[PDB]
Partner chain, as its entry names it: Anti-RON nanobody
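What follows is a single chain, given as C-alpha cells, in the form deposited without the partner chain.
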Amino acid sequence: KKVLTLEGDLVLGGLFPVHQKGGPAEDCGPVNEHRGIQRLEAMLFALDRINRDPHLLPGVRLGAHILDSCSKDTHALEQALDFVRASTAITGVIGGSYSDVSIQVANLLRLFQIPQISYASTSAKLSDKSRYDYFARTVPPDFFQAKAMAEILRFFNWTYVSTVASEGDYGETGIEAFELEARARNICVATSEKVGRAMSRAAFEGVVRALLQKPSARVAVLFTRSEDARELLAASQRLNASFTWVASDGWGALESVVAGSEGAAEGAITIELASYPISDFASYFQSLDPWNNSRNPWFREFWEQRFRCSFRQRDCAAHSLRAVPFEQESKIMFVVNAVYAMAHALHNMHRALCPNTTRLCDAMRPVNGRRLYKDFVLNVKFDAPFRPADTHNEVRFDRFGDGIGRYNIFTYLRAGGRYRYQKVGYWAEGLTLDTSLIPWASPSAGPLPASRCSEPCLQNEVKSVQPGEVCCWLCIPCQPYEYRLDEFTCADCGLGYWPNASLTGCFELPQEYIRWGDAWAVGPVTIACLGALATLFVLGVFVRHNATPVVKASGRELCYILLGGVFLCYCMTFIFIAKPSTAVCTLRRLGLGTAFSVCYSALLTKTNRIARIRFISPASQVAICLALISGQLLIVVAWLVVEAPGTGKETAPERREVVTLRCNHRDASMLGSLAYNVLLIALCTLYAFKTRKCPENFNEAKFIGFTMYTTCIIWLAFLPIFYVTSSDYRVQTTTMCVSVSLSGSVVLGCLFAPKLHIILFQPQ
C-alpha cells in the first residue's frame, strides 16, 4: 500500500521484492534483508550519483516511483497499473527480480509502449522479440547455466542423477535445456519432481522420499527458488537424508537458504553470476539510520526485524549498522548498470532530439517509446560505473537485448568452526575448476562420490545391454573355454588351445605324455631290467655248464631262442613307455607280436619234436621255428602296408582335457595278430595233451599248460580294469606292460626252474 515517490522532470519506475510471499491468512509476511532492501538502496544510490553528475543529463533531474512486488505475480500485476494509469507519466521501468513477475509486467507494458530493463530475470522465453518486444536485461539467459552444470557433472563421472525443479517459467525452461544438454553428453536421468506454489512440509518430505526411492542416484540437480531450496534442505535435515547438491542461481550464495540446516548443505556446489563489490555502496549503506532515512517507508520494519527491537519501548536507538558486519549482495552491480543504461539512453535522446537547450524541450515532452527503445536503448555503449581498478568491463545489449555469459562456481565448506562460501573456478567459454579447494575431492578424505547405475564388469565378463536403458548393463560370465574378443560379446577358441591370461588371446597348451622320470614309468622299467638280468643269468648258467648230461638231455638251440624271446618280452615295457616317434610306433606295433610269436613258436617246436620222437635234426628244428616266427611277421608287414604309420592328437566333450599324443588306430592288426598267437597256443596245448606220451628226461608239459592257463587268467583280467578307466591313457598303458611282463616271467620261470633245481641240488 506504500509507494516511494521522488519529484523530478522524468520519473523512472521500479519494482523490487521487499516482502516474502505471505501465507494463506495474510498476503505478505517478512522482509527480504538482502534481495529486497539492498537492491532498492542501490537504485536510490545510482539516482543520487546521477543527479550530481555534470556530464550525464546536466539539466534534467530524474525522479522515481518505486513499488513492491512481494514475490507474487498477481500482486505485482495489480500494482503495475500505476505505471499505465496516467495514459505523472512514466518513461521506463527498471524492475524484475523473478521471471513470472517480469513476464506478466512485460505483457501489460507492451500495450502502452513503455521500455523495461531487468536486472535479475534470466528466463530464456524473454529472448523471443515477437512476444516480448519491449524488454532488455543486463544478465545472460539460462541457456548457458545448463551447459555449465552438464559439464560439471561430466567432469566427475556423474552419469546417474536426479532433477528437482520448481513450477513456472524459470524451473521448467531451465530443466528442459539441462535435459537436452545431458542428452548431448551421454547422461541419464532417473526421476523428476516438481514443487508447487503452495506446498506444505509433508509434500516436501514426500519429495525427499521420492528422491530416496532410487539409491544409485546420489546427485540432485535443482532449478528452484530460494524458499523451495530452503524447505527441501530443512526437510532433508529432518529426515536424516544425505545428498550431494548441485544448484542454480536461485540458491546462489545466500546465507538465508542454509541458515539452521548447515549439516545437510555441506559439500554442495552452486553457480552464481560473475560480479565485483562496489566500495561506495558499503559506506552509503552503513550510514543509514531510521531517524534520517525518512524517504524509505519500509526501513523501520527492516530495522525491527534486523536488530530485534521495537520503537514503542524506545530501545532501538543504541543499535547501529557499523558494528555488525556487512555482506554486499551479488547483483547490486546489475541494478546500477540498468539505471545508468536508461540514463545514458535518455541523454542521447536529449542530445539528438533538441540540441538548442539543456532543459527539456517541447518536442520531447511526451517521450516516444518506440523510437527510444529501438534506436537508443539497444545502441548504448559506455564503461561500467564504479569499475574496480585495473579491470575492464562494458555495458552492451545483444540483438535480443541480453547480456554476456560468465559464471562462478562455489562450494560450501566447513572451516577450521564456521561455514563459508569459496570460489572453485570460473566458467566463461569452458570450465576451469580447481580441485584442490574442494574438501570432498582431495584424496586424503576418500575417493570421489559415485553416481552410476551399474558397476564396470570384469575383464572376464561381457556386457549384454538391457533394452530400454543404456546406462545399466548386466554382467555375464563366459564359458571357461571362451575368450572376450570385444566388450559386448565373447567367443570360444578352436579346440586344442586355451584362453590367455588377459583373456584376449588363444594359446596352444602343453601336450602331455608319460615321461621317463615318472614313478609309473620307473617301476615297470625296473621290473623289466630285473627280468632281463635274470634271463641273462640263466643263459650264462646254461652256457657255462653246457657239457653236463642234464643240459645235453634238452635242446640247446631251443633254449637259446626261448631265452631270447623272454628277453624281448621284457624289453617291450621299455619300448611301450618311450616317447612316440616315427620309429617307436612301429616297434610298439611289431614287438608285442614278435615276442609272442617267438616264445610260442619255440614251445610249439619243442612239443612237436617230443611228440614225433622225421626231420628231428637241430637244423630242421631251427627252420621250423624260424618259419613259425616268419608267419606272424608276414601279417605285420601286411598291416604296415595296409595302414599308415602315424599318430594322432585328440579332444573330448570335456574340452579342458589336454591334447594327448597317441598312436593311430590299432584295432585290426593287434586283434588279428592275436589269432597269429592264440590259435598257435591252442595247437601247443593240444599237442601237450598228446605229449603226455613217451616220457623224456622230463617232458612235463604240465608246466606249459599251467603257464598258458596263468597267462589267460592274467590278461583276461586286464579287460575289466581297462574300460573302468578309459581316461588317462598314461595310466591306461600301465596294464599292458605289467601283463606282458608277467606272461614272460611266467614262461621263463616255468621253463627254467626245474633245470636250475637239478643243476644246483643234485650232481645229475
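Positions refer to the first chain, counted from 1.
The segment from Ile613 to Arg614 is interrupted, since 10 or more residues of the deposited sequence in that interval carry no coordinates. The gap between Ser502 and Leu503 holds no unmodelled residues of the deposited sequence.
Keep in mind that the form solved in complex with the partner chain is missing from the display, and what follows is about it.
Using a 4.5 Å cutoff between non-hydrogen atoms, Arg209 counts as a contact of the partner chain in the entry with it bound.
Although the partner is absent here, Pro30 lies within 4.5 Å of the partner chain in the entry with it bound, judged by heavy atoms. Proximity of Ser310 to the partner chain in the entry with it bound falls outside the 4.5 Å heavy atom cutoff. The closest non-hydrogen atom of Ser451 lies beyond 4.5 Å of the partner chain in the entry with it bound.
Distance criterion of 4.5 Å from any heavy atom to the partner chain in the entry with it bound singles out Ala198 from the list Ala198, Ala519, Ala547, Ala318.
Among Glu482, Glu329, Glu181, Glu272, the residue placing a heavy atom within 4.5 Å of the partner chain in the entry with it bound is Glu181. Checking 507-515, 330-338, 593-601, 142-150 against the partner chain in the entry with it bound, the stretch whose residues place heavy atoms within 4.5 Å of it is 142-150.
Counting a residue when any of its non-hydrogen atoms is within 4.5 Å of the partner chain in the entry with it bound, there are no hits in 369-397.
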